[PDB]
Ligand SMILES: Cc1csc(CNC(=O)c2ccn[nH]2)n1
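Before any questions on how it binds or moves, here is one chain, the form solved without the named molecule, in structure tokens.
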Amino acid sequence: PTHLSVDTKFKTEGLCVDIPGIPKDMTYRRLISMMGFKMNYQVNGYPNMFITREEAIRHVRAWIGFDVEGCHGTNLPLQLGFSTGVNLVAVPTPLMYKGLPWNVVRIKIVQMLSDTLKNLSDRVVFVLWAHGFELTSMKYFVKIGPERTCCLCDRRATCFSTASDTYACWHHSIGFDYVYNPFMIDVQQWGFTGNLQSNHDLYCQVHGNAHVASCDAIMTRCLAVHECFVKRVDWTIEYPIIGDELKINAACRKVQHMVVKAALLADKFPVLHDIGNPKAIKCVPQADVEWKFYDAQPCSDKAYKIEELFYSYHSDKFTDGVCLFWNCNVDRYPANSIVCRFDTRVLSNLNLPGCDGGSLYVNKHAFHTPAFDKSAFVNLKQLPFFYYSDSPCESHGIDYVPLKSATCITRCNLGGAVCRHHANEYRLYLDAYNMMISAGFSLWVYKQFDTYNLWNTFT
């Protein structure tokens, strides 16, 4: 059992207002046929247009909410809405486009999906709250058949062109008119009571209902993300490398070691309370400090309340020394903290839109993160960039321009002239730092933190 059997039953109650008389007894095999598609007993990689919840979770980067609302059915214009915010009007003859025939609408759909998905996934998964019109509109822009490869590269084909009779992936589909072998899932099959809005609004207040198809498309995908990444969590699912994952993760480790080491050297805290990932390792193994760990898994719904993490009777005295919250999202950090907090508003191919202001950050594993909130940092200040090193000044073993910087905290810079080794290491660190910030991470520190206290750690 890897794919969804076409012989699986499909509940049709949600479809009977657009499709009156629809049989209660229905399989995906009969539904696909009713949608105007012929599967021809083909064992060529595409067993079903519909996929399981587990297959959908593995392809969350491909998710595109899709809704169709009757503007006035083959006789009336249809409003096609996508979770990208696009509304297209198709005539049978928050962006809102005027009514156009299907032969031009389908070209826009291919362009939109290709621009949205080329850097995210090798496919598309239409996320539906199926009522009928969305399923019966698919024949006007979708073509199915055996799994194919792109005409210009090795990637799987996602588009088809009637002008050239060729197939393309999302990167090579300019001018293509059909979506080829898309996938889809109907959220209504998961067992819900009530309409889309009532279920969506239970968990999210950030997506309103402006009564347009793209609003329903957005709410549908948001509800699906809530069910699959908020109420249910699975950190055993791996996701392919699509960007700077490895550089970002390595940069995160370098910056954490740098910041914690310098905070310990500058303020000499006798104890450090490391709150977060139960599999955390000491980021500064040589530090003298008493290192105490507290287990908290990544919160995917609401940020942890500091009163629940710290209180109910451990060192007990979290007020002693410093608290390290490295990606441990809390409502309000104590004043004696070192914090790394992911900013959910960041635009990147790793960061997908999420539920109730939160975002779905996908880097090796999927992590739904509660909405970024500036008020969590009221007791702290932004951590300024700096590079600190106590290593000997020695080159060992890429051409040079001498480094001049007030933030290169080294013996050579104290002495008046940055050495080649510390200049190379400073530039590498600055690159790793900028990589982590641009990925969406934000750094915060206790107000007394001052890099001026680091200069006397070389004597």
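Residue indices: 1-based, along the sequence shown.
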Residue 313 to residue 314: deposited residues without atomic coordinates: 1 to 3
Where residue 93 meets residue 94 in the shown sequence, the number of deposited residues left unmodelled: 10 or more
Average Cα temperature factor in the PDB entry - higher stretch of 108-116, 291-299: 291-299
Stretch exceeding the other in mean C-alpha B-factor - 255-263, 231-239: 231-239
274, 216, 308, 134, ranked by C-alpha B-factor: the highest one: 308
Given 63, 41, 28, 426, the residue at which the Cα B factor reaches its maximum: 41
Chain-relative CA temperature factor third for residue 408: lowest
Within-chain third of residue 186 by Cα B-factor, per the entry: lowest
Residue 167 - which third its CA temperature factor falls in, relative to the rest of the chain: highest
Chain-wide C-alpha B factor ranking for residue 67, given as lowest, middle or highest third: lowest
CA B-factor ranking of residue 177, expressed as a third of its chain: middle
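Another form exists, deposited with the named molecule bound; not displayed. Remarks below refer to it.
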Open or blocked, once the named molecule is placed by superposing site C-alphas in the bound PDB entry (3+ ligand atoms within 2.4 Å of backbone or C-beta means blocked): blocked
Residue 211 within 4.5 Å of the named molecule in the bound PDB entry, heavy atoms: yes
Residue 188: touches the named molecule in the bound PDB entry, heavy atom cutoff 4.5 angstroms: no
In the bound PDB entry, residue 152 touching the named molecule (heavy atom, 4.5 Å): no
Contact test in the bound PDB entry: residue 389 vs the named molecule, heavy atoms, 4.5 Å: no
Neighbours of the named molecule in the bound PDB entry among 84-116 [non-hydrogen atom within 4.5 angstroms]: 89
